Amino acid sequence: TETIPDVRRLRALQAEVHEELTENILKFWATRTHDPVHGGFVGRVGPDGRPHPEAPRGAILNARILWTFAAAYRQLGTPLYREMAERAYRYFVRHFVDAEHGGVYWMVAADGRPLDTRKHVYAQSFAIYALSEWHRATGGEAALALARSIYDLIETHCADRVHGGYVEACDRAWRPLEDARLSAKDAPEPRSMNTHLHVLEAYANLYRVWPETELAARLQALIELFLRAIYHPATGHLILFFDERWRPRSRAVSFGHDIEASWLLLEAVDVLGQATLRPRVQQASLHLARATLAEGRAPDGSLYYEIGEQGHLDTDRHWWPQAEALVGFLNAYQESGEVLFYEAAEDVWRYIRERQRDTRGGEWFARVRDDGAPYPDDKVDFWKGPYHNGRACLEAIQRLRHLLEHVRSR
């Protein structure tokens, strides 16, 4: 009673995804972004493709580069990917890691000097995520020890043990900040879904390589927090910002976050092997995916950006929600068996190929307007790394491999 696309279709999609990853995405990052002046990678690449080796460099971007090349090396084996990950790792430990107070700085100057020394949990999470993946890829003990040290600092200085979840930003010496905003766009509230999603993500990857008992409890608490406070069963959307007691302080809807969470929550529960929690997580996951299908898509199947605090639909197609929809829709199909989710995955992929990818300049456009016009945004910057689209391709390749195996051997 399985309804499954035929083998030609599954294999054709898998091949296209692999080609996009290796011949466009990773090719762009390995060739255009390495910096031989300061080492590591440039912090910015302009709309015209100009790299800027003197621009400030963000911890999140650099951790994303490390994660992506580590993950690609682990799954595909190409030696270039290990070389690129090694390059990212060396710069990261040298300059982003605070050897004195622990954790990673927010931003360094191109030459490595600390430039913004705040310790934001979002950045600490990406550090944990990337270091754990590099350990998974190479067995490096320093990388795992560092990830563990950062985990301890988050729990020590940030955990809210009265309410659940985490204070999201501290200064260099882990004294917490009033302003935990990631950027000007974010509500000036003490708790965000966004930061907590990436804590969950990091903690799941850390647990894969270091199954500590207390970590399992912390990861489970986060899953439970999502189900209780963040996911909204009446709407099928995540609430974005809260006070310390998880009282909602936002009405915005982010389709990209919804569909990303839809698969990351299940990844986390499965890493834990938490069979008791799984049915509820699966229910919320499928709902998030259906709500995204019904409300967050253009007729071409791409994802809109958000519904803002005053209700306005932002119809811009940003690069990362398309990536997350590819994974989230394939995941929804795997969980539910409902082929409408595969069709949605196929539609977003076609959009990615026909509109989101920048065939001219390489990689993917950050933003495409509702009329199809690309915006002249930076190709690489503090917030645009290779992780959403790189991961989306790697995930799709493996998920399609598993779907292909539903035709049993004889």
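We number the residues from 1 along the sequence you see.
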property	result
Between 312-320 and 205-213 (mean CA B-factor, as deposited), the higher	205-213
Entry-level comparison of average CA B-factors, 131-139 and 326-334, reporting the higher stretch	131-139
Maximum C-alpha temperature factor, selected from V253, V121, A180, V93	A180
Highest-ranked of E54, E363, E346, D35 once sorted by CA temperature factor in the record	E54
Where the record places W246 (Cα B-factor, split into thirds across the chain)	highest
Chain third (lowest, middle, highest) by recorded CA B-factor, residue given as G236	middle
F226 - Cα temperature factor, lowest/middle/highest third of chain	middle
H257, C-alpha B-factor rank within chain (lowest, middle or highest third)	lowest
Lowest, middle or highest third - CA B-factor, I150	middle
